[PDB]
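Below you'll find the structure, written out as structure tokens, and then a few comments.
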Amino acid sequence: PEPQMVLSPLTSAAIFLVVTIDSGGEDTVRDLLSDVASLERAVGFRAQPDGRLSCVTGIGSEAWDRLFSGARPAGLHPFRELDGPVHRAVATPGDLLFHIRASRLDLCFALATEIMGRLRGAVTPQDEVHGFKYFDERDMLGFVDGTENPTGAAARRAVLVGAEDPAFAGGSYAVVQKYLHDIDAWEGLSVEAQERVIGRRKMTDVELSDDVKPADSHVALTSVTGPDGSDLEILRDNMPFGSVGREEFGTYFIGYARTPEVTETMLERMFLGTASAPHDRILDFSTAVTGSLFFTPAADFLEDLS
Amino acid sequence: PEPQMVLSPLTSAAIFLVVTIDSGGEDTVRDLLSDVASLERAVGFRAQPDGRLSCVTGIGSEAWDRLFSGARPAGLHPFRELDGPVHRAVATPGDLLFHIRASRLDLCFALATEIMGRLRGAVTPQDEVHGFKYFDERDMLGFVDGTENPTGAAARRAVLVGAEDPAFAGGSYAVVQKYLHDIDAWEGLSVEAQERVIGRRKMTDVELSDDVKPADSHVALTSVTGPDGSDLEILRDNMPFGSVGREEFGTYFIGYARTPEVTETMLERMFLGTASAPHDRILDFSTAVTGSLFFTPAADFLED
Amino acid sequence: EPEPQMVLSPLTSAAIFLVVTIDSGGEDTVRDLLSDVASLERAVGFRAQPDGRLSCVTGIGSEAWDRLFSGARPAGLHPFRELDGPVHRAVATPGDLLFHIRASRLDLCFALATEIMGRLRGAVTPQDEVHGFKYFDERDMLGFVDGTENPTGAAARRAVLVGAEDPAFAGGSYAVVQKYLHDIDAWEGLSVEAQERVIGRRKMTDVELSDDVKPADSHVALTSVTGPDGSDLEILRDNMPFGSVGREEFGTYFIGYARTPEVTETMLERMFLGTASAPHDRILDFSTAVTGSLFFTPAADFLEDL
Amino acid sequence: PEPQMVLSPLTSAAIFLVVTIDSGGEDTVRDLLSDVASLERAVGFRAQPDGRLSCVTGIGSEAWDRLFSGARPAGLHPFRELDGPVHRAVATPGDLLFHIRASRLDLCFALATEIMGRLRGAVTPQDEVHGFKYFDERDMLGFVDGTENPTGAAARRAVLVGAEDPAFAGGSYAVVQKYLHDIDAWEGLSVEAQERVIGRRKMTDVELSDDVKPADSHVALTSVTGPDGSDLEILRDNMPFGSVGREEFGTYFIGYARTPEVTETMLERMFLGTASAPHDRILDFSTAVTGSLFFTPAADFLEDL
Amino acid sequence: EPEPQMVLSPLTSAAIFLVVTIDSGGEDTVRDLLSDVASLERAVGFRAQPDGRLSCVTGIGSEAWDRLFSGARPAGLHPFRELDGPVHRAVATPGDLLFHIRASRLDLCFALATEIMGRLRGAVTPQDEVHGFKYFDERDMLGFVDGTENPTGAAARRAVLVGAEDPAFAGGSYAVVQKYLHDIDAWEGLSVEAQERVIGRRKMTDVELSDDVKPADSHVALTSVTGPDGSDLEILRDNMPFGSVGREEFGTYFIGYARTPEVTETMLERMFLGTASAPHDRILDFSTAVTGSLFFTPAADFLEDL
Amino acid sequence: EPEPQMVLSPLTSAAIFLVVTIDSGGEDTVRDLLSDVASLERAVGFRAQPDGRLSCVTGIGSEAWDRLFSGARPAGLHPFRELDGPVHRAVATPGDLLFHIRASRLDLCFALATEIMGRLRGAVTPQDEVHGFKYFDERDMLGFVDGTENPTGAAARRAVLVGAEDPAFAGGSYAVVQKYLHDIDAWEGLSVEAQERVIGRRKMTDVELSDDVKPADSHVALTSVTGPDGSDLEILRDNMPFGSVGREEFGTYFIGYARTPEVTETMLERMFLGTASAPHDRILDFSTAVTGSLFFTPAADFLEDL
């Protein structure tokens, strides 16, 4: 099975586009999905080797049933609202996800324009975020973001559907959440207190010792061992965004995994808490305003459609 | 006189910030003015030499009178609305301009964050535009944009206030206009019809010969000669922007000159027309939704 | 595992194409050089790594093969088949060895070509030498992006490498070369839209024309071929511009690789002889073929073991 | 099994650290080995993609028995001294090797600093070398260095333990030796004479033909064929080092192989010679002052401590 | 107030040299092209800035100047003087117009030479067209570093630009071109040390030989010249390798700018005719000149003011 | 207009600092070396351009100057003056010559230092050799951004280069060197906020502390000097980390250039001896000076003609 470009080289810009499919618009979308690889080539081929343009296309649970009449990926379902004592993870509408990445924003934008040109009249926009990484892989909170993502054989193992669902091998599951930060409150904490929130040193990105690492740190709560005691892993490509005039400072979260169960367990521990921790401390400075789940099929699945 | 970095190396990203100054906000504004070059260094230095971060700071006519006593720059006035027979150039409020450029959007955003943090509670934002150039210096209409800009000595002569206004030497004048395009209409033309609207070939960027160039093409209307037969020139750094979901496809125009009279003459020919040309044909596919005029002082003016 | 030559190279901005004939008695000298050409590639290119991307693909013609080797031949190896169309003609021209030398810069290409030719002096006569250069946005001298629909990854390997259908030669490939010259004055008299009707794709944005407007005699229409089982028959091209401004010579050096020459040959038949819906490829109304040769590129270990 | 970054992309800088483990030092060392991959990601993640920072950790024969219980790598023994008729390959103490590579020296230095801060009080330094390659892949003797290193599947076959030692599949063996050069004597040869020493042309890095190449040239002696005629290969990442004030000009040698017997056979041919060569002529300009052998486990083995 | 042409360019890895003669009646088409050549430079190169580094230096020969312009001539403009020495000669070959086109990539050079010759069709006849490439470590075809002792900065401007001695043509320069072909076979028969004695520098490290052991007939010794006041006389060279492996053509294109041709001419006289202590420059026993022409390269506003 | 040495350099990531004393009888050998150092700079550097960015700046001490030359002396040239403060002391150590060698790669620095030391063998005694490396984001050993407030452009020229006030030495500068050893254990024990109060800038963002909170004993406050008129007195710094992890040596090599040494000396006095508001520079509680010397770096042409 040939996968879509989930395991991409590092990129400094992205566009995330989420849409809903209007009544009667299904045949226009099917035609579009069968052409999306060919559009990615047309826009990116002339800009190699430095443009590094890729699009990952994802389909939600309700959209799947409208578009395809056969079998359904095993793990695919609507994003599941989490209502904890203090923090909530909302569910917002999303039928299609276009996760466009490149080494610059104009390549991302050219691709988006062609895609949405083909879809006009058949879809309704729900969200559009222009992302940009900091020059040292930092997010809006000032911390390095990405360090413990898996790489190589490890990332493929964690991210790509295999034997457990063989008609959908080479697919993945993506969860997306747009988070807005309370930057005034964050910058009133001392460096050392911010380090207890995250679980790693700020300037040098060293993990705090097991003896100092609080139970309600982000790193403690997103660390999960499986039945066999091996680490459970996902691949993130979080992107800063915002608008200085409106005081909007953001992290767009996106996590890929071979089954949503892994990403859903991490979210459960963040929002609902554990025996030792009420919730992830990062949520006292971060509000979720979207939540959607998408299956990203293998590339040949998309090509062989009508 | 040390100028601001009006004369910048080429940049692929930019943020344009326009704000109005709240009543009582005058002292906080003046304090940031005196620090803005120090902030520029602080953000930019550790990302050198590839970041190419600069900030150009401009001040409007009405704001100048509220900030400073003594002399006014001789050409500082509010943007003059143009009401043409078909097309119109609107004037819109603005007291300060921040023109921030770099090789990456994140550097721009960092600097804009620090400036705005210092101004909180003293200003009201009017416009914020994040621009990106396409990888071949093309604009939203598909044409190369920037080709005829002056360079070196010619650029300094065209852009920097000199001996005619000695107190303000090394300053310049900036005119901004945000345009929105009718991309549907534009893409309905043949390439050869588009060429005749701009005045140059699409793929090769060669100027159309004078026997073929229409009187109402953009290059024809914006070509202006002065008394001595010299070309009157400006320096532009137009930037694409937009949003695919709202069908917003724009060009942010910014033009620097040594006196606003040059830019204003070009604008009159475009919007009002001449004897041979009803108006700039680029306007049949471009609507202006802002318009403002600023003076960008010499750097040591700000330091003091 | 028979190691293939570098048929599947990363993107390169420079090439030398060298075609020679082997003189009476030159066989021995040629055999010794063939066994050394992988060492020479390492010697010249190592000290420019990692940016250099220096590779050499060596090719052997049908007549030469019989002169250098005894026993079994590749199943598909014959001389290039002249095509005599009602209007257009594909010529066959002499060539026993092909050196296809690529790199991120022309000096690496030239220095390898000097080592090779040094060793063969007295054994071989030059028939063609072409120094190619890519435009900065992957365009050809006709103004179009060139290479977009080439296969990549596993798809590329399947299309270009000999497998179980001829196991003794597994890991080889077949290369066809033609040098074309372009009548640029006649081309530049067409409107952009008329040019796009000849190729099959939009000029600036390299988007494929819709199946409703694509003419049957366009380039892209005639070089799209499906097999009996409905699979796409694909080749890998690395077309390079070349020329001389003084002599008004503006050219494309065509090179295509495939696992069997039947695929390339079917597409040349379509272009020069036409189908029921199309007299010939309209790209030939502005392009003249002046050379044409067919070569087998053996697996690397075949060459080493000499 | 996931190997360490033996098979690195080319790097222009490196730091070679060799230490011994003091009395009582075992626990501190085991704790650090469990964290080293995490430290390498910590230092290097924010400098990607240009940093190319990696760290290969090696453990010596005596140390292995102090640190771990149970099975031992089959090839793992202390470095074997060779006392030739003219030249000697010495053996010197070393328990742990850190091979730090990157595009720039500061990244190498930052990692070293975090590794050694954790080890302070547990270990004694034996050798610290800051290496820098010349901009055209040349060594201190002025020759391109690295040309015939295997690449790809060829390198994985030559370097990585597999089925012959299944408990330790994915590791490798490393020999290091520090050489000091006599540059004044080297530069007194003509280019042509130097070419005869090495076995390759100096400017063009083309190998001399088998008819010209002398029997005692470096390339001739370090070309070995197995039982089947097949070439025996090692991966090398030799690095220049020195100090202009003390007149120190060096090559730090480092060779990786699936079994030490390949590298040990090459050292025998160089220091003791053959029927047609007395010794490797490179050794008349090059003196070994350290020698140590180490096994570099698969990355998963370290993680699991 | 003088704006020079880009004689003092940054280092560039590609060049095209085009020398043409002006046909009878073509004077007016040439004048109109000279007035547009800066515009053409911008058209081609602007969209590849800042990495492209495209420039064109236009020069005009002595006989052509009197056909094209009326009034004053630059003081040192005369035809190249043939040098007939006892062994080696410097030929004088025809040439009305030079276009020295430089860039970081050959395609930018080609595009610009295409536009120029497109407007000159029917008015000029081509005499020479060379496509130069850099070796990665600034070497020439002889394997020595080429450019080391060129002036830079303030020294360069003083060495190259016409000033108050000829004030109507201030900002101009004088260019001398010679195409050389090398006898590579003979050169490579020398020992490295003997090659060093021909040039006067070490090969590998490019350190100048000390004044006691540097031969008097070494390249460096005969091109080192001191004035009446004892100060060095300098020129600015941008020599470029070129060649064709098939035809055994290994070359250096010599191009040297100076504020007055007397400086370049004294160098050539020393090389070809010799001194009391040197018969001729040893480099000439391995290098044959096949073209020789002299041009005046006006200030930039001189061309556009037409 | 004299030509300065390369005091105003583009940013470099590596450096070698070499400080030697001249042995009795060694004078002539040193003078010969001085007349060639620029030539050696070009020999080593030209083939690596333009990324190599190799430069060397040569300085001469007070006592060495009168041993080497007859006639005039630069007005501000004198031995480094010892500062014996109540707590901290700035030592004077011997040094006759300084080579400040910079490039993008340490190997280029080492190659140039090899040639220079090769020429001086037997006539000089080395006193200090340091190999420096800057961190990827322009930080120093203390983990702060180091260089921010250096003057650029014309202001740099005016600050650093001797002009009309000492006309025979115009285009010269003065260099003060101090090798510092840090107590990194003590440093890393401070919170980030307390380290910010030592330096007087934010650690992550490098924004200067506002004047109401900036301590009077911060490094930035003590090294901020206005002159008679109320103009800011500036120097040009190029400080370089160095060390050895095995011997626990973590250092900053200070070098500072200025047109007259009184500016550097005033800053040093405030650091070590304090003011009415501040006992000493707090950076010295974590920093110990183990070398100290002053040099004149004459104009390049002075060196040439000698």
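Letters A, B, C, D, E and F name the chains as they come in the text, with residue numbers starting at 1 for each one.
Just so we're on the same page, contacts are C-beta pairs under 8 Å (C-beta built on N, C-alpha and C of every residue); 3 or more make two chains touch, one makes a residue touch a chain.
J.: Please report the minimal path length, in steps, between chain B and chain F on the chain touch graph.
T.: Tracing touching chains, the least step count from chain B to chain F comes to 1.
J.: CA centre of chain C versus CA centre of chain D: separation in Å?
T.: Computed value for the inter-centroid distance: 43 Å.
J.: Just how far, in Å, is the C-alpha centre of chain C from the one of chain B?
T.: About 49 Å separates the centre of chain B from that of chain C.
J.: With chain centres taken as the means of their Cα atoms, state the distance from chain D to chain F in Å.
T.: Chain centres of chain D and chain F, defined by C-alpha means, are spaced 37 Å apart.
J.: Got the chain B residues that touch at least 2 other chains?
T.: 47, 136
J.: Which category does the touching pattern between chains fall into here: line, ring, star, complete, or other?
T.: Contact pattern: none of line, ring, star or complete.
J.: Chain B touches which residues of chain A in the complex?
T.: 12-13, 15, 17, 47, 51, 104-107, 109-110, 112-113, 115-116, 125, 128, 130, 132-135, 240, 242-246
J.: Spell out the residues on chain B that touch chain F in their complex, using ranges where they run on.
T.: 2, 38-39, 41-43, 45-49, 114
J.: Taking the touch rule as given, give the residues of chain A at its contact with chain D in the complex, in rising order.
T.: Touching chain D: residues 9-10, 136-138, 144, 146-148, 152-154, 204-207 of chain A.
J.: Which stretch or stretches of chain A touch chain F in the complex?
T.: Contacts found on chain A: 136, 142, 190-192, 202-204.
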